[PDB]
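Student: Starting off with a structure, shown below.
Methodologically, a virtual Cβ is constructed for each residue, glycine included, from the backbone with ideal geometry; neighbour enumeration extends over all protein chains shown. Readers should treat all values here as calculations from the given coordinates under stated rules, not as data from a laboratory.
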Number of protein chains: 2
Amino acid sequence: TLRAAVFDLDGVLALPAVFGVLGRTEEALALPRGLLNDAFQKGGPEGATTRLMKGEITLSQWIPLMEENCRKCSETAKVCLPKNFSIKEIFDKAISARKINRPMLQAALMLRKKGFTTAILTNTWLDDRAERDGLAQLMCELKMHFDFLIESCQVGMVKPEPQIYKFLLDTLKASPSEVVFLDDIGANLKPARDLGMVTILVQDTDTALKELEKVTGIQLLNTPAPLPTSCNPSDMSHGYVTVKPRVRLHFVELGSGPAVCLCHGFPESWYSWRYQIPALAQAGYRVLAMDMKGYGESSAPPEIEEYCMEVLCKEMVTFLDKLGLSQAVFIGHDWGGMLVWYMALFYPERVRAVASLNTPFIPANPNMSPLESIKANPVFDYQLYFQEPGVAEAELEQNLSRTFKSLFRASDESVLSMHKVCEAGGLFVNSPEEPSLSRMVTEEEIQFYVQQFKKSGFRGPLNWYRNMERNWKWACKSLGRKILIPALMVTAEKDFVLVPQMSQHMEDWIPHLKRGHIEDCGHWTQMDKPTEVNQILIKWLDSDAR
Amino acid sequence: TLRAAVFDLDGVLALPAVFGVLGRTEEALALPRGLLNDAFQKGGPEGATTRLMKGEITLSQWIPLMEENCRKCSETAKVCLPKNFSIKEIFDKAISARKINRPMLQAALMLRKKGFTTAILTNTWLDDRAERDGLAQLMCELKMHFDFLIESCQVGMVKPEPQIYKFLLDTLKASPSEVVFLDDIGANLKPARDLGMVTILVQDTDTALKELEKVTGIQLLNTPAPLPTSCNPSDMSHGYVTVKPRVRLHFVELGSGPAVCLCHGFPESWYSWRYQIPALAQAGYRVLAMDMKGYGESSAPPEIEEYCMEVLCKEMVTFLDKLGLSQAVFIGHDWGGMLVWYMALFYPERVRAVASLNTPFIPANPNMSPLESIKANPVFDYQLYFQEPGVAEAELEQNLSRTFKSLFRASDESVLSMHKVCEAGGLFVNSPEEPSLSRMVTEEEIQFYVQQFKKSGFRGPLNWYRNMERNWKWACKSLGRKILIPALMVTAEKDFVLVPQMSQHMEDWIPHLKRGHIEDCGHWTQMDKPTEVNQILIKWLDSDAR
Ligand SMILES: O=C(Nc1ccc2c(c1)-c1ccccc1S2(=O)=O)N1CCC(F)(F)CC1
Ligand SMILES: O=C(Nc1ccc2c(c1)-c1ccccc1S2(=O)=O)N1CCC(F)(F)CC1
């Protein structure tokens, strides 16, 4: 029985195959059939190509050797190469045109999810071309999803040499009958088969996947849309910045490009952005996913005043100061969304662009205090329950697993009454002791929040709600201002704390405001609709944020 | 007696003054004298400009109000503004042309060095222009060098209102007689003087500095070339990446732009790059200063094999994998320099560009083992002393302060014989118990290395020398290759371990190699000649590394 799946790169995990471009060039240039392909494999195991694939020479050293082989091949066929013939130009284009074979990757991802050990086994070169980065990016995106990457130029061995197959077997710690091997070259498939491995000749993807699913007994074709790539906390780059003597800010960092600062809500973590971090980094951005003040590995001072908007925003500016960032795109959800609008109002020079998920921008009423404005419009009754220090902390910290299981639920899973909290005397009074697991989270993901919240508890997080009067007074200084930097407002149809209708007047204060809307989405936007969030954010970032 | 220096921004710390461009535009456009300047201050404390400087409105909201004032002013003077007149265009240009007043900053830096509390007090706006980043960058570079930055638009107060002066005094925790205040506007100087502060009207910088030095009794003018900005370890962003179960890599991170990975030598730290980190980040790069495996906050496994080049390079690739970086510019010194040439040979797709300080690239001799090649060319006798596990560790760890004080010395400070180590039986036998402090280091900088080396000691660092045969065998696989990506070789005239002559044949293996040379520079390149290093690296990075 199979427990390992091995995939080739060219013609298998990446399409169109770079090899097949030699034939395309022959047809386009009206050269004799197989001429370029013959010059490519000239000398067989002793030839320039084998030396390149073994890593004896780099791609740039190989280019003139292929050109020499091309001349010798044309000479025998009694023909001539065109005036502007360039091997570099042909391969630059072929490599650049080659993209991931998404359904093949999805199949590999499903097999690994079902307990398979996956590997990429490829005949490749040491790319030292001025344009090598495009390929470096392709390999990076691909490799992360597999247990192993065996490259011919790294191991000094090549397909179809039997050595590489024995090396693959040993890397896999598996006997050949436990291995399914997928390749587009029949010759490279032969030694794996001769060893006893299940082999698949890959021409079209669909047939190869039908063969793969028949042989593994796992559904891989026509299967539902998978969730975006998530984050394994121990495989992340963890950053720590001291913003003042008693305050340190923790963040997770992934990618290169314009800095994108992700700001979570209550009672969350940097981990609430797990489905956005890999997607945003893949889209060409440097993601900085925060543990906001009071949370996870960030400092949680006890004082209420340490959590007013003025202090939080000032510390985020200091955070940018110490990291050497003149700007960052600020993306917030919930209380993070509120922080991001205030960063745009008070520090526009430090905010490249501003985006909020669910949290609208509503200017302060200079006549009514928010301690009295609650309750007026809807019922923010739970906010009144959050005011008295120690009360909500006691209920929220009693059983952490129950707290996150009860709170982190989709719109059609509510076990919590949004309001009547200060009548019933608690958020969890009509809730079970052992809540069911929401379809949005695994048991493992709940236990990450449990472990995170064991360090500082709910005092710091609840203190974000305890500066109503302080925040209002500070917000009143910004009343004559408008947000004129690029801005995105993303509403969630079924968020009952933050109803889309609350955002309707925003264009009066942010005239050039751009929008997004997610249907059948509750309060926990990022984990409820990750695919939609990523497409709305990536589209807006590529259009409005460098 | 003075203990605090306060500087204005426009016309004082930054030149040319943005205010003086209104007059320049009047002259260029042949408009009535003072017209634009009058429209700018129209309404005095009730006018658009005061509201802007108090932070009631943003710069973009102000632009059309200034345009309206410009029309009203021209109407009274019975004149007309030109067809293509644009306030935004005028200010965009004025702000962009404004640069730091370097000698004024150097004076502020010298005063802070001599125990002064320094501050910037400025009348500024909330910049929400599409080009706001240029100003954000200016403020970032400037602010880091001062204890305080008081901005009118942040404090809701403006110069010359007496409130701001009382606010400044309170921020400073100082009585007005202890304060020297520098400004280009006589009116804004008046309330500070009326309070009892020493005031300086700044027209030309030189006179202002003569006045400043006479009043402080500190030499500020004609003073020597200062050292580049260094790093305070506690004000840095510290990053941690787990590359494998037992290995975590620590790094310091500063800046935005192309990733520049700094790799130290033996027995060093990320801190060996203290003078390069702020300079390189200022030059438009994202600096990642490593604690190499075996050092500081990075893991130090005991096994010798954990330190062979193959493993170290593979882990640096994994480091890039986990941070989401397809490439980084690799800059190494000493053993770090050796690592960087091997990264370029084995992983060219992951190396944007390669630079080495002192360490040359010399291909392996496939006939002679390096355990026998030592000694042949010079005398690498100390390397033989480093071989036996536990011996060099005992001497190097006995007294840490003595170790770093003895090793970290300029060319004309040697208390150490480079060789005859394995005859005399130790690196420190003819060295004092209490070495003098080298002119290259302060006592505080030595104590940072002491504290760093208290965690893991010298086992891991010395293990870099204990894989001679392993490294040679791996290097022999690269013998047919050439380094064809952008490369820089920087030689140090007085490095006696790495003599410039050792690098002479490099062009045979790196044909397009670029060079740098530092005269009167010993082995500790970065701290010996920081200014020269920064100019050679910045020049090469801007030319060859995106
Ligand atoms: O209080 C919030 N959100 C918010 C976040 C998390 C939870 C609730 C509300 C809530 C409300 C009622 C019961 C349980 C819970 S809960 O613990 O699941 N907001 C006010 C400030 C803001 F506008 F910035 C963002 C929205
Ligand atoms: O050993 C080195 N450098 C090096 C680094 C640090 C010290 C010495 C040598 C040395 C030599 C003799 C006495 C004291 C000392 S010391 O402890 O001050 N190199 C060989 C490998 C390389 F080529 F990669 C870089 C250069």
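Student: Run through the range A:76-180 and list the trypsin sites (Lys or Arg not before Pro) located in a DSSP loop whose Cβ has at most 12 other Cβ atoms within 10 Å.
Tutor: Counting only loop positions with at most 12 other Cβ atoms within 10 Å, the trypsin sites (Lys or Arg not before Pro) in the range A:76-180 are A:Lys78, A:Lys83, A:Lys173.
Student: Follow-up question, since we're still on this one. Taking the Cα centre of chain B as origin, work out the dipole magnitude from +1 charges on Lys and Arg Cβ and -1 charges on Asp and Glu Cβ, in debye rounded to 20.
Tutor: Dipole about the Cα centre, nearest 20: 900 debye.
Student: Could you please point out the chain B residue with its Cβ nearest to the axis of the rotation taking chain B onto chain A, and the distance in whole angstrom?
Tutor: Residue of B nearest the axis onto A, distance in Å: B:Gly239, 2.
Student: Full extension from A:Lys113 to A:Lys210: what is 0.36 nm times the residue separation minus their Cα-Cα distance, to one decimal in nm?
Tutor: Result for the pair: 33.1 nm of gain on full extension.
Student: So, counting K/R as plus one and D/E as minus one, what does the shell of residues with Cβ under 14 Å around A:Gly460 add up to?
Tutor: -2
Student: Tell me which of A:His419, B:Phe448, B:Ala94 sits at the most positive position along the dipole axis of the protein assembly as shown, charges placed on C-beta atoms (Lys, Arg +1; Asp, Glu -1).
Tutor: Value computed over the given set: B:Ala94.
Student: If the label for A:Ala394 sits 7 angstrom from Cα along the Cα-to-Cβ line, what are its distances to the same label in every other copy, in nm to one decimal, shortest first?
Tutor: Output for A:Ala394: 6.4 nm, nearest copy listed first.
Student: Compute the separation of the alpha-carbon centres of the range A:303-368 and the range A:468-483 and state it in Å as a whole number.
Tutor: For the range A:303-368 versus the range A:468-483, the Cα centre distance is 12 Å.
Student: Another one. Which of the trypsin sites (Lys or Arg not before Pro) found in the range B:22-56 are loop residues per DSSP with 12 or fewer other Cβ atoms within 10 Å of their Cβ?
Tutor: Listed in order of number, the matching sites are B:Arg33.
Student: Let me ask something else about it. Taking the alpha-carbon centroid of each part, what is the distance from the range B:394-445 to the range B:161-178 in angstrom?
Tutor: 49
Student: If a/c stays under 1.5 just call it rounded; otherwise compare a/b with b/c (prolate if a/b is bigger, oblate if not). Do that for the range B:312-393, with a ≥ b ≥ c from the square roots of the Cα gyration tensor eigenvalues.
Tutor: Verdict is prolate for the range B:312-393.
Student: Another question, then. How far apart, in nanometres, would the label points at B:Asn367 and A:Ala97 be if each is projected 7 angstrom from Cα along the Cα-to-Cβ direction?
Tutor: Reported label-point gap for B:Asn367 and A:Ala97 is 4.9 nm.
Student: Which entries in the list B:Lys54/B:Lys159; A:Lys293/A:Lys314; A:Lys114/A:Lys405 go over 19 Å, if you measure between the two C-alpha atoms of each?
Tutor: Beyond 19 Å between Cα atoms: A:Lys114/A:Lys405.
Student: Further question: Rounded if a/c is under 1.5, else prolate if a/b is larger than b/c, else oblate: which is the range A:458-526, with a ≥ b ≥ c the root eigenvalues of its Cα gyration tensor?
Tutor: The shape class here is oblate.
Student: Less than 12 Å Cβ to Cβ from A:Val243, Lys/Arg counted +1 and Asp/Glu -1: what total charge do the surrounding residues give?
Tutor: Combined, the nearby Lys, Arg, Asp and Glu give +2.
Student: Assign unit charges at the C-beta atoms only (+1 for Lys and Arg, -1 for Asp and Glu), then state the dipole size of the protein assembly as shown relative to its Cα centre in Debye, rounded to the nearest 20.
Tutor: 1140
Student: Now for a separate question. Normalising by the residue count of the range A:17-96, find the relative contact order in percent from Cα pairs under 8 Å and 6+ residues apart.
Tutor: 31
Student: Evaluate the relative contact order of the range B:39-189 (contact order divided by residue number), counting alpha-carbon pairs under 8 angstrom at least 6 apart; express in whole percent.
Tutor: 27
Student: Given the options A:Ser74, A:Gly55, A:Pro103, identify the residue whose Cα lies farthest towards the positive end of the charge dipole of the range A:31-140 (+1 on Cβ of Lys, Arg; -1 on Cβ of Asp, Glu).
Tutor: Comparing the listed Cα positions along the dipole, A:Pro103 ranks first.
Student: Moving to a separate point now. Please list, by residue number, every one of the GluC sites (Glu not before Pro) in the range A:308-386 that is coil in DSSP and has at most 16 other beta-carbon atoms within 10 Å.
Tutor: In loop regions of the range A:308-386 (DSSP not H, G, I, E or B), there are no sparsely surrounded GluC sites (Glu not before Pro).
Student: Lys/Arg Cβ at +1, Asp/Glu Cβ at -1, dipole of chain A taken about the Cα centre: which of A:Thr25, A:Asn377, A:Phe148 is farthest positive-ward?
Tutor: A:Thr25
Student: Relative contact order of the range B:236-546, please, whole-number percent, based on alpha carbon pairs below 8 angstrom and at least 6 residues apart.
Tutor: Relative contact order, the range B:236-546: 21 percent.
Student: Let me ask another. Rounded to the nearest Å, what's the spacing between the alpha carbon centres of the range B:20-70 and the range A:207-281? Just the number, please.
Tutor: 49
Student: Can you compute the FRET efficiency between A:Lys72 and A:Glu161 using 1/(1 + (r/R0)^6), with r the Cβ-Cβ distance and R0 = 30 Å? Round to the nearest 0.05.
Tutor: 0.75
Student: List the residues of the range A:420-449 whose backbone N lies under 15 Å from a point placed 7 Å from the Cα of A:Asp520 along the Cα-to-Cβ direction.
Tutor: A:439-440
Student: Once a ≥ b ≥ c are taken as the square roots of the eigenvalues of the Cα gyration tensor of the range B:236-546, is the result rounded (a/c under 1.5), prolate (a/b larger than b/c) or oblate (a/b not larger than b/c)?
Tutor: Taking the square roots of the gyration eigenvalues as a ≥ b ≥ c, the range B:236-546 is rounded.
Student: Please give me the summed charge of the neighbours of A:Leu65: other residues whose Cβ is under 10 Å from its Cβ, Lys and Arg +1, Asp and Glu -1.
Tutor: Net charge in that neighbourhood comes out at 0.
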